[PDB]
Amino acid sequence: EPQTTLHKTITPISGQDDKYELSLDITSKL
Amino acid sequence: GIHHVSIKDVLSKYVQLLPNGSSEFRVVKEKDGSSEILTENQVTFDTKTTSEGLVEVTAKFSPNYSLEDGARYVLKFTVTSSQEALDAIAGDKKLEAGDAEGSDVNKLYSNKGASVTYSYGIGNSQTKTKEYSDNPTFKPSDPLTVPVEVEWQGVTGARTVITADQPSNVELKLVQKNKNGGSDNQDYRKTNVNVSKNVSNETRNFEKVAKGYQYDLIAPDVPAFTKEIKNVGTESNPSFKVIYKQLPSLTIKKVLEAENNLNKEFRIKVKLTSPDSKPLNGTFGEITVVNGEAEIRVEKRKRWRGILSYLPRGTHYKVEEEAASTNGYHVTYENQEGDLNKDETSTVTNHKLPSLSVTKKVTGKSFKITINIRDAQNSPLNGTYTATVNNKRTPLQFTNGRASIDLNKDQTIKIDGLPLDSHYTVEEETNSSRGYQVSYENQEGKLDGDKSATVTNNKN
(Lines give C-alpha, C1' and ligand atoms only; values in the text may rest on other atoms or scores of the structure.)
Protein backbone atom coordinates (compact mmCIF):
# COMPACT_ATOMS: atom_id res chain seq x y z
CA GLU A 1 0.00 0.00 0.00
CA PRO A 2 1.22 3.60 -0.71
CA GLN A 3 2.59 5.60 2.23
CA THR A 4 0.81 8.91 2.86
CA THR A 5 1.67 11.81 5.10
CA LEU A 6 -0.87 14.46 6.24
CA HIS A 7 -0.12 17.94 7.58
CA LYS A 8 -2.64 20.60 8.66
CA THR A 9 -1.83 24.21 9.62
CA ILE A 10 -3.66 27.51 10.18
CA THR A 11 -1.87 30.80 9.43
CA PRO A 12 -3.15 34.39 10.23
CA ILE A 13 -3.37 36.41 7.01
CA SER A 14 -0.93 39.31 7.49
CA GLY A 15 -2.63 42.78 7.75
CA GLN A 16 -6.19 41.35 7.90
CA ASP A 17 -7.67 41.10 11.39
CA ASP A 18 -9.55 37.91 12.24
CA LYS A 19 -8.64 36.19 8.89
CA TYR A 20 -6.71 32.85 8.74
CA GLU A 21 -5.76 30.44 5.96
CA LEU A 22 -6.28 26.74 6.66
CA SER A 23 -4.02 24.28 4.84
CA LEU A 24 -4.80 20.54 4.75
CA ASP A 25 -2.29 18.51 2.76
CA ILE A 26 -1.64 14.98 1.61
CA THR A 27 1.51 13.54 -0.04
CA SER A 28 1.64 9.97 -1.39
CA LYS A 29 4.67 7.70 -2.05
CA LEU A 30 4.29 4.45 -4.14
CA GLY B 1 -1.38 5.80 -7.23
CA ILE B 2 -4.11 6.57 -4.64
CA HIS B 3 -7.50 7.60 -6.11
CA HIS B 4 -11.07 8.42 -4.99
CA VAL B 5 -9.40 10.95 -2.76
CA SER B 6 -11.31 13.36 -0.49
CA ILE B 7 -10.08 15.81 2.15
CA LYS B 8 -12.46 16.89 4.91
CA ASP B 9 -12.25 19.50 7.70
CA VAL B 10 -14.95 20.05 10.37
CA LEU B 11 -14.71 23.71 11.47
CA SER B 12 -15.13 24.55 15.18
CA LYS B 13 -17.75 27.07 16.33
CA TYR B 14 -14.84 29.55 16.59
CA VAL B 15 -14.34 30.07 12.84
CA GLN B 16 -16.53 30.33 9.74
CA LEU B 17 -16.17 30.61 5.97
CA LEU B 18 -16.27 33.96 4.24
CA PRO B 19 -19.41 35.06 2.27
CA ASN B 20 -20.01 34.05 -1.42
CA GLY B 21 -16.99 31.79 -2.16
CA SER B 22 -14.58 34.46 -0.81
CA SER B 23 -13.16 31.46 1.10
CA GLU B 24 -11.59 30.70 -2.37
CA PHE B 25 -11.47 26.93 -1.96
CA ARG B 26 -8.57 25.52 -3.99
CA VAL B 27 -6.32 22.43 -4.14
CA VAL B 28 -2.71 23.19 -5.15
CA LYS B 29 -0.46 20.44 -6.50
CA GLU B 30 3.22 21.09 -5.57
CA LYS B 31 6.00 19.09 -7.18
CA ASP B 32 9.66 19.91 -7.93
CA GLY B 33 9.15 23.44 -6.66
CA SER B 34 6.28 24.17 -9.09
CA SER B 35 2.63 24.82 -8.04
CA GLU B 36 -0.50 24.35 -9.99
CA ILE B 37 -4.22 24.64 -9.18
CA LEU B 38 -6.52 21.67 -9.84
CA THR B 39 -9.36 22.62 -12.23
CA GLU B 40 -13.13 22.11 -11.69
CA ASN B 41 -12.87 18.89 -13.68
CA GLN B 42 -10.33 17.56 -11.13
CA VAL B 43 -11.89 18.62 -7.84
CA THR B 44 -15.28 19.65 -6.41
CA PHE B 45 -15.88 21.38 -3.01
CA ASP B 46 -18.86 20.80 -0.82
CA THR B 47 -20.00 22.47 2.39
CA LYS B 48 -22.48 20.72 4.71
CA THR B 49 -23.84 21.04 8.25
CA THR B 50 -22.97 18.05 10.53
CA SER B 51 -25.57 16.63 12.98
CA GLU B 52 -24.02 18.69 15.83
CA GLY B 53 -24.47 21.85 13.76
CA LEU B 54 -20.83 22.35 12.57
CA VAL B 55 -19.69 23.29 9.09
CA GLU B 56 -17.83 20.52 7.29
CA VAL B 57 -15.84 21.38 4.20
CA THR B 58 -14.95 18.57 1.72
CA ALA B 59 -12.65 18.69 -1.28
CA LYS B 60 -13.69 15.66 -3.43
CA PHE B 61 -11.09 14.87 -6.09
CA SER B 62 -12.58 13.66 -9.37
CA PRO B 63 -12.95 9.89 -8.55
CA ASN B 64 -10.51 8.57 -11.18
CA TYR B 65 -7.85 11.20 -10.46
CA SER B 66 -4.67 9.52 -9.08
CA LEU B 67 -2.23 11.48 -6.96
CA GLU B 68 1.14 11.93 -8.68
CA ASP B 69 3.94 10.15 -6.81
CA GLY B 70 5.74 12.40 -4.30
CA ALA B 71 3.56 15.48 -5.14
CA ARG B 72 2.05 17.49 -2.31
CA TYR B 73 -1.68 18.22 -2.71
CA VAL B 74 -2.92 20.93 -0.34
CA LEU B 75 -6.48 22.13 0.21
CA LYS B 76 -6.37 25.89 1.01
CA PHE B 77 -9.24 28.14 2.15
CA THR B 78 -9.73 31.23 4.34
CA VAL B 79 -11.82 31.35 7.51
CA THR B 80 -12.65 34.26 9.79
CA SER B 81 -13.30 34.40 13.58
CA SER B 82 -17.00 33.69 14.32
CA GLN B 83 -18.98 35.83 16.79
CA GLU B 84 -18.24 33.14 19.36
CA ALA B 85 -14.48 33.73 19.06
CA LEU B 86 -14.95 37.55 19.22
CA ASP B 87 -17.13 37.11 22.33
CA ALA B 88 -14.68 34.71 24.06
CA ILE B 89 -11.72 37.05 23.59
CA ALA B 90 -13.72 40.03 25.03
CA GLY B 91 -14.34 37.69 28.02
CA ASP B 92 -18.14 37.52 27.39
CA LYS B 93 -18.22 33.71 26.96
CA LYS B 94 -16.72 30.90 29.12
CA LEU B 95 -14.68 28.19 27.36
CA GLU B 96 -15.62 24.52 27.81
CA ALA B 97 -13.23 21.50 27.75
CA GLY B 98 -12.05 20.87 24.18
CA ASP B 99 -12.51 24.50 23.03
CA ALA B 100 -8.91 25.62 23.21
CA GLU B 101 -5.42 24.36 24.06
CA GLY B 102 -5.11 24.55 27.88
CA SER B 103 -8.39 26.60 27.99
CA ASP B 104 -6.50 29.66 26.69
CA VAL B 105 -8.62 31.95 24.48
CA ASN B 106 -5.38 32.80 22.58
CA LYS B 107 -5.31 29.14 21.41
CA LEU B 108 -8.82 28.29 20.09
CA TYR B 109 -8.90 25.13 17.96
CA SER B 110 -9.95 25.85 14.37
CA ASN B 111 -11.00 22.23 13.68
CA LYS B 112 -13.19 19.63 15.33
CA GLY B 113 -11.67 16.73 13.30
CA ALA B 114 -10.20 16.58 9.84
CA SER B 115 -9.27 13.61 7.76
CA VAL B 116 -8.51 12.24 4.31
CA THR B 117 -10.18 9.22 2.64
CA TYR B 118 -8.62 7.48 -0.40
CA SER B 119 -8.51 4.18 -2.30
CA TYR B 120 -5.72 2.16 -3.89
CA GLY B 121 -5.54 -1.02 -6.00
CA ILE B 122 -7.00 -1.98 -9.42
CA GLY B 123 -10.24 -4.07 -9.46
CA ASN B 124 -11.61 -4.27 -5.87
CA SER B 125 -9.61 -1.48 -4.30
CA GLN B 126 -8.94 -0.98 -0.57
CA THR B 127 -10.23 2.21 1.15
CA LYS B 128 -8.56 3.98 4.09
CA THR B 129 -9.46 7.04 6.17
CA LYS B 130 -6.68 8.80 8.13
CA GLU B 131 -7.33 11.52 10.75
CA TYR B 132 -5.03 14.53 10.71
CA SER B 133 -3.05 14.49 13.96
CA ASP B 134 -2.39 18.27 13.89
CA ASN B 135 -4.90 20.33 15.89
CA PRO B 136 -4.05 23.96 14.95
CA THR B 137 -4.96 26.95 17.14
CA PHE B 138 -5.43 30.66 16.54
CA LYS B 139 -5.88 33.89 18.47
CA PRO B 140 -8.75 36.22 17.44
CA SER B 141 -7.93 39.98 17.17
CA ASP B 142 -7.82 42.13 20.36
CA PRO B 143 -11.25 43.30 21.61
CA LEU B 144 -12.07 47.07 21.45
CA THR B 145 -11.68 49.71 24.01
CA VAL B 146 -14.43 52.39 23.68
CA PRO B 147 -13.54 55.93 24.93
CA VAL B 148 -16.24 58.02 26.57
CA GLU B 149 -15.92 61.75 27.27
CA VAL B 150 -18.37 63.86 29.39
CA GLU B 151 -18.47 67.60 28.80
CA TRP B 152 -20.36 70.16 30.97
CA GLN B 153 -21.46 73.50 29.41
CA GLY B 154 -23.01 76.59 31.02
CA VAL B 155 -26.07 78.24 29.54
CA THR B 156 -24.20 80.02 26.78
CA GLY B 157 -21.92 77.17 25.57
CA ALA B 158 -18.53 75.55 26.26
CA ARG B 159 -16.22 76.89 28.96
CA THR B 160 -19.03 79.31 30.16
CA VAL B 161 -19.66 79.25 33.93
CA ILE B 162 -22.18 76.72 35.24
CA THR B 163 -24.47 77.92 38.04
CA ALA B 164 -26.81 74.92 38.48
CA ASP B 165 -26.30 72.03 40.94
CA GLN B 166 -24.42 69.09 39.42
CA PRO B 167 -24.26 65.47 40.73
CA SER B 168 -20.89 64.20 42.08
CA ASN B 169 -20.79 61.58 39.31
CA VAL B 170 -22.63 60.19 36.27
CA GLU B 171 -22.86 56.47 35.60
CA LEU B 172 -22.48 55.77 31.82
CA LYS B 173 -23.50 52.36 30.30
CA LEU B 174 -22.39 50.90 26.97
CA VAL B 175 -25.33 49.23 25.26
CA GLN B 176 -24.55 46.30 22.97
CA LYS B 177 -27.21 46.28 20.27
CA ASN B 178 -28.82 42.86 19.68
CA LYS B 179 -28.38 41.87 16.04
CA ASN B 180 -30.44 38.59 16.15
CA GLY B 181 -33.98 39.62 17.03
CA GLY B 182 -33.43 39.75 20.85
CA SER B 183 -33.21 42.75 23.23
CA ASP B 184 -30.26 45.20 23.54
CA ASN B 185 -27.92 44.53 26.49
CA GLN B 186 -28.13 47.94 28.21
CA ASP B 187 -25.75 46.90 31.00
CA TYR B 188 -22.93 45.48 28.84
CA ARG B 189 -20.20 47.72 30.37
CA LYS B 190 -20.51 50.56 32.93
CA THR B 191 -18.23 53.27 34.22
CA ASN B 192 -18.61 56.12 36.76
CA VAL B 193 -17.32 59.45 35.56
CA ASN B 194 -16.30 61.89 38.25
CA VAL B 195 -18.04 65.29 38.16
CA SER B 196 -16.28 68.30 39.68
CA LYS B 197 -17.12 71.98 39.71
CA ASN B 198 -15.48 73.96 36.86
CA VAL B 199 -13.89 70.88 35.34
CA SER B 200 -15.69 70.87 32.02
CA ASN B 201 -14.33 67.57 30.43
CA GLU B 202 -13.49 64.11 31.89
CA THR B 203 -12.79 60.80 30.00
CA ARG B 204 -13.04 57.06 30.74
CA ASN B 205 -12.99 53.95 28.58
CA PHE B 206 -15.02 50.76 28.48
CA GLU B 207 -12.53 47.91 28.34
CA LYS B 208 -12.58 44.58 26.40
CA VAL B 209 -15.54 45.40 24.16
CA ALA B 210 -16.48 42.61 21.74
CA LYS B 211 -16.16 43.31 18.02
CA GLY B 212 -19.03 42.42 15.70
CA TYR B 213 -21.76 44.54 17.34
CA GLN B 214 -23.13 48.11 17.07
CA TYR B 215 -22.96 50.02 20.34
CA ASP B 216 -24.85 52.90 21.90
CA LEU B 217 -24.48 54.73 25.22
CA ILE B 218 -26.91 55.45 28.07
CA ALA B 219 -26.18 58.51 30.22
CA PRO B 220 -28.47 59.80 33.03
CA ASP B 221 -30.90 62.76 32.75
CA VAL B 222 -29.45 65.46 34.95
CA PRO B 223 -31.98 68.16 36.21
CA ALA B 224 -31.13 71.67 35.00
CA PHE B 225 -29.28 70.32 31.93
CA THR B 226 -30.07 69.00 28.48
CA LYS B 227 -28.11 65.93 27.28
CA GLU B 228 -26.69 65.14 23.82
CA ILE B 229 -24.98 61.78 23.10
CA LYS B 230 -22.81 61.39 20.00
CA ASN B 231 -20.62 58.67 18.50
CA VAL B 232 -17.59 60.73 17.50
CA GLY B 233 -15.83 57.55 16.22
CA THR B 234 -17.16 54.98 13.68
CA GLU B 235 -19.50 52.00 13.86
CA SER B 236 -16.56 49.60 14.09
CA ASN B 237 -14.49 51.81 16.40
CA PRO B 238 -17.04 53.72 18.52
CA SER B 239 -16.02 56.63 20.70
CA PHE B 240 -18.70 58.53 22.66
CA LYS B 241 -19.17 62.12 23.91
CA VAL B 242 -21.98 63.21 26.23
CA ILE B 243 -22.66 66.98 26.42
CA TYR B 244 -24.67 68.37 29.35
CA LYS B 245 -25.69 71.99 28.71
CA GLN B 246 -27.36 74.04 31.49
CA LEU B 247 -30.91 75.17 30.62
CA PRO B 248 -31.65 79.01 30.84
CA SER B 249 -33.65 80.67 33.66
CA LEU B 250 -35.98 83.69 33.68
CA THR B 251 -35.74 86.01 36.68
CA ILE B 252 -38.65 88.44 37.30
CA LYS B 253 -37.59 91.42 39.45
CA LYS B 254 -39.86 94.10 40.97
CA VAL B 255 -38.46 97.62 41.60
CA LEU B 256 -40.35 100.20 43.72
CA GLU B 257 -39.72 103.91 43.01
CA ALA B 258 -40.77 106.88 45.23
CA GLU B 259 -42.56 104.42 47.48
CA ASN B 260 -41.76 104.48 51.21
CA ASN B 261 -44.20 101.62 52.01
CA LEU B 262 -42.11 98.42 51.40
CA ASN B 263 -44.78 96.10 52.82
CA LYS B 264 -46.80 95.87 49.58
CA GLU B 265 -47.13 92.66 47.60
CA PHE B 266 -47.45 92.57 43.81
CA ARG B 267 -48.63 89.79 41.42
CA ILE B 268 -46.79 89.53 38.12
CA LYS B 269 -47.99 87.23 35.35
CA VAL B 270 -45.67 85.50 32.91
CA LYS B 271 -46.85 84.01 29.62
CA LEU B 272 -44.58 81.21 28.31
CA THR B 273 -44.94 79.61 24.87
CA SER B 274 -42.81 77.07 22.92
CA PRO B 275 -41.63 77.64 19.29
CA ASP B 276 -43.75 74.56 18.38
CA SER B 277 -46.76 76.20 20.20
CA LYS B 278 -47.58 73.25 22.47
CA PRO B 279 -49.03 74.61 25.79
CA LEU B 280 -46.13 74.77 28.29
CA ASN B 281 -46.68 72.90 31.55
CA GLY B 282 -44.33 72.10 34.41
CA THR B 283 -42.69 73.27 37.62
CA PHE B 284 -39.56 75.40 37.14
CA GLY B 285 -37.88 76.07 40.48
CA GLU B 286 -40.66 77.29 42.79
CA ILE B 287 -42.88 78.46 39.91
CA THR B 288 -45.50 76.24 38.34
CA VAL B 289 -46.65 76.98 34.78
CA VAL B 290 -50.13 75.78 33.74
CA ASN B 291 -51.03 76.08 30.12
CA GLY B 292 -48.31 78.64 29.38
CA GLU B 293 -49.34 80.87 32.39
CA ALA B 294 -47.48 81.44 35.65
CA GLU B 295 -48.06 84.02 38.40
CA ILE B 296 -45.25 85.30 40.68
CA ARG B 297 -46.06 87.09 43.97
CA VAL B 298 -43.22 89.46 44.94
CA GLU B 299 -42.68 91.05 48.38
CA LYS B 300 -39.71 92.18 50.54
CA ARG B 301 -39.27 88.78 52.24
CA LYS B 302 -38.58 87.19 48.78
CA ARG B 303 -36.18 89.92 47.71
CA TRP B 304 -38.71 91.40 45.28
CA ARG B 305 -38.16 88.61 42.75
CA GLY B 306 -39.12 85.09 41.56
CA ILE B 307 -37.16 82.71 39.29
CA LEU B 308 -38.42 80.29 36.63
CA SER B 309 -35.38 78.00 36.78
CA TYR B 310 -34.26 75.85 33.77
CA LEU B 311 -37.05 76.57 31.25
CA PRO B 312 -36.75 74.95 27.75
CA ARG B 313 -34.31 76.71 25.38
CA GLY B 314 -36.08 79.22 23.07
CA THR B 315 -39.18 79.61 25.32
CA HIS B 316 -40.98 82.82 24.43
CA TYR B 317 -41.77 84.91 27.57
CA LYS B 318 -44.03 87.93 28.10
CA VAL B 319 -44.20 89.56 31.51
CA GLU B 320 -47.12 91.65 32.71
CA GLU B 321 -48.04 92.91 36.13
CA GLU B 322 -51.59 91.97 37.08
CA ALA B 323 -54.00 94.91 36.65
CA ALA B 324 -55.03 94.93 40.34
CA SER B 325 -51.36 95.26 41.41
CA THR B 326 -50.84 98.34 39.15
CA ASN B 327 -53.30 100.62 41.04
CA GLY B 328 -51.50 103.71 42.38
CA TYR B 329 -48.36 103.14 40.24
CA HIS B 330 -46.91 104.16 36.92
CA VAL B 331 -45.71 100.74 35.71
CA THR B 332 -42.80 100.33 33.27
CA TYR B 333 -40.95 97.25 32.07
CA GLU B 334 -37.43 96.34 31.03
CA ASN B 335 -36.99 93.20 28.91
CA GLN B 336 -40.71 92.59 29.01
CA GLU B 337 -40.83 90.10 26.14
CA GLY B 338 -38.31 87.88 24.33
CA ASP B 339 -36.93 84.42 23.59
CA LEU B 340 -35.07 82.62 26.34
CA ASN B 341 -31.72 81.57 24.84
CA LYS B 342 -29.60 82.62 27.81
CA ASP B 343 -30.39 83.65 31.36
CA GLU B 344 -32.74 86.68 31.28
CA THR B 345 -33.97 89.15 33.89
CA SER B 346 -37.27 90.86 33.31
CA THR B 347 -37.82 93.94 35.51
CA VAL B 348 -41.17 95.50 36.55
CA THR B 349 -40.92 99.03 38.01
CA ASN B 350 -43.78 100.35 40.12
CA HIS B 351 -43.25 104.14 40.47
CA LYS B 352 -45.79 105.53 42.99
CA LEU B 353 -48.00 108.13 41.29
CA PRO B 354 -47.39 111.72 42.48
CA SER B 355 -49.82 113.76 44.52
CA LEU B 356 -50.68 117.50 44.58
CA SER B 357 -51.48 119.25 47.90
CA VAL B 358 -52.99 122.79 47.96
CA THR B 359 -53.07 124.84 51.20
CA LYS B 360 -55.04 128.04 51.87
CA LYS B 361 -53.35 130.61 54.16
CA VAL B 362 -55.13 133.78 55.41
CA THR B 363 -53.05 136.74 56.75
CA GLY B 364 -54.32 139.93 58.52
CA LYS B 365 -65.03 132.23 54.44
CA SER B 366 -64.28 129.53 51.91
CA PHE B 367 -61.95 130.34 48.97
CA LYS B 368 -62.45 128.78 45.55
CA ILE B 369 -59.31 127.60 43.77
CA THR B 370 -59.02 126.19 40.25
CA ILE B 371 -56.46 123.45 39.43
CA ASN B 372 -55.32 122.98 35.79
CA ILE B 373 -53.35 119.80 34.97
CA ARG B 374 -52.04 118.61 31.58
CA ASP B 375 -50.62 115.04 31.37
CA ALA B 376 -47.06 114.00 30.40
CA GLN B 377 -48.12 113.97 26.71
CA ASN B 378 -49.47 117.56 27.12
CA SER B 379 -53.21 116.74 26.95
CA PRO B 380 -55.77 118.19 29.43
CA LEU B 381 -56.59 115.78 32.28
CA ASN B 382 -60.02 114.11 32.40
CA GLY B 383 -60.75 111.71 35.26
CA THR B 384 -61.66 111.48 38.98
CA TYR B 385 -59.01 111.23 41.73
CA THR B 386 -59.21 110.68 45.47
CA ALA B 387 -58.81 113.95 47.38
CA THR B 388 -58.54 114.22 51.17
CA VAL B 389 -59.29 117.19 53.37
CA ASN B 390 -58.85 116.53 57.14
CA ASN B 391 -59.31 112.83 56.57
CA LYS B 392 -62.57 113.31 54.63
CA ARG B 393 -61.98 111.47 51.33
CA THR B 394 -63.95 113.00 48.41
CA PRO B 395 -63.71 112.32 44.63
CA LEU B 396 -62.32 115.35 42.70
CA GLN B 397 -63.07 115.33 38.98
CA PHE B 398 -61.01 117.03 36.22
CA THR B 399 -62.84 117.99 33.03
CA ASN B 400 -60.75 119.16 30.13
CA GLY B 401 -57.84 119.77 32.53
CA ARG B 402 -59.77 121.70 35.14
CA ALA B 403 -61.01 120.95 38.65
CA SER B 404 -61.99 123.29 41.48
CA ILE B 405 -61.75 123.01 45.21
CA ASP B 406 -62.92 125.09 48.16
CA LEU B 407 -60.59 125.74 51.11
CA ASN B 408 -60.98 127.54 54.47
CA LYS B 409 -58.02 129.16 56.22
CA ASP B 410 -55.28 126.61 57.05
CA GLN B 411 -56.93 123.74 55.18
CA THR B 412 -54.93 121.45 52.88
CA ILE B 413 -56.40 119.19 50.26
CA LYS B 414 -54.18 116.33 49.01
CA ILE B 415 -55.06 114.86 45.61
CA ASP B 416 -53.59 111.36 45.02
CA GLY B 417 -52.95 109.18 41.93
CA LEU B 418 -52.27 111.96 39.38
CA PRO B 419 -50.24 111.05 36.21
CA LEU B 420 -46.45 110.96 36.51
CA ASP B 421 -44.68 113.97 34.89
CA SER B 422 -47.87 115.98 34.33
CA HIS B 423 -47.82 119.77 34.96
CA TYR B 424 -50.19 121.68 37.26
CA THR B 425 -51.11 125.36 37.76
CA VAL B 426 -53.35 126.64 40.58
CA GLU B 427 -55.26 129.92 40.44
CA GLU B 428 -57.67 131.47 42.94
CA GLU B 429 -61.03 132.45 41.43
CA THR B 430 -61.53 136.25 40.98
CA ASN B 431 -64.60 136.38 43.28
CA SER B 432 -62.82 134.52 46.03
CA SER B 433 -59.82 136.90 45.78
CA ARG B 434 -61.80 140.18 45.99
CA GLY B 435 -60.77 142.12 49.12
CA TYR B 436 -57.44 140.19 49.28
CA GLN B 437 -53.99 140.40 47.81
CA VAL B 438 -53.29 136.81 46.59
CA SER B 439 -49.77 135.34 46.62
CA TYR B 440 -48.73 131.79 45.70
CA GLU B 441 -45.93 129.37 46.55
CA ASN B 442 -45.30 126.80 43.77
CA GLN B 443 -48.16 128.17 41.68
CA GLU B 444 -47.05 125.88 38.83
CA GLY B 445 -45.00 122.71 38.87
CA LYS B 446 -44.24 119.31 37.52
CA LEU B 447 -45.87 116.24 39.11
CA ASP B 448 -42.67 114.19 39.38
CA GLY B 449 -43.27 113.34 43.09
CA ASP B 450 -45.41 114.81 45.91
CA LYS B 451 -45.85 118.59 45.35
CA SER B 452 -47.40 121.37 47.41
CA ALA B 453 -48.85 124.69 46.30
CA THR B 454 -49.84 127.38 48.78
CA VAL B 455 -52.34 130.14 48.10
CA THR B 456 -51.92 133.09 50.48
CA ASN B 457 -54.84 135.53 50.97
CA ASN B 458 -53.82 138.82 52.58
CA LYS B 459 -56.75 141.17 53.54
CA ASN B 460 -57.15 144.56 51.67
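Residues numbered from 1 in each chain as written, not as in the entry; some residues may be left out. Chains lettered and ligands numbered in written order. Heavy atoms only, no water. Residues with missing side-chain atoms left out of burial classes, pairs and counts.

Draft legend 1. Molecular detail of the overall build of chain A. Helices and strands together make up the secondary structure of chain A, namely zero helices and two strands. Here the analysis covers contacts within chain A between residues at least 6 apart in sequence; of these, 21% occur between residues at least 24 apart. (Helix = DSSP H or I, 4+ residues; strand = E, 2+ residues; numbered from the N terminus. Contact = heavy atoms within 4.5 Å.)

Draft legend 2. How the structure looks around the sheet that holds strand 32 (residues 392–398) of chain B. All names here are of chain B. Taken in spatial order, the six strands of this open sheet run 32-31-34-29-38-36, and their pairing is mixed. With one partner strand each, in any of the chains shown, strand 32 and strand 36 (436–441) form the two edges of the open sheet. Pairwise comparison of adjacent strand axes, ignoring direction, gives a mean angle of 25 degrees for this sheet. In this sheet, strand 34 (residues 412–415) lies alongside strand 31 (residues 383–389) in antiparallel orientation, the contact comprising two bridges. Opposite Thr 388, over in strand 34, you have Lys 414 as the bridge partner. (Pairing = 2+ DSSP bridges. Axes fitted to C-alpha atoms, helices over the stretch in contact; angles between N-to-C directions.)

Draft legend 3. Focus on the domain arrangement of chain B. For chain B, the assigned domains read domain 1 (249–352) and domain 2 (355–458). Relative to domain 2 of chain B, the C-alpha centre of domain 1 of chain B lies at a distance of 38 Å. (Domains from an automatic or database assignment.)

Draft legend 4. The pairing of strand 12 (residues 144–153) of chain B, seen in detail. Residue and element names in this part refer to chain B. Burial runs high along strand 12: seven of the ten residues are buried. In this structure, strand 12 lies alongside strand 15 (residues 201–209), joined through seven bridges in antiparallel fashion. Of the residues in strand 15, the one forming a bridge with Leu 144 is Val 209. Sheet topology note: the strand 12/strand 18 (residues 240–246) ladder contains six bridges and is parallel. Paired with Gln 153 across the bridge in strand 18 is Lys 245. (Buried < 20%, exposed > 50% of the residue type's maximum accessible area, 1.4 Å probe, protein only.)

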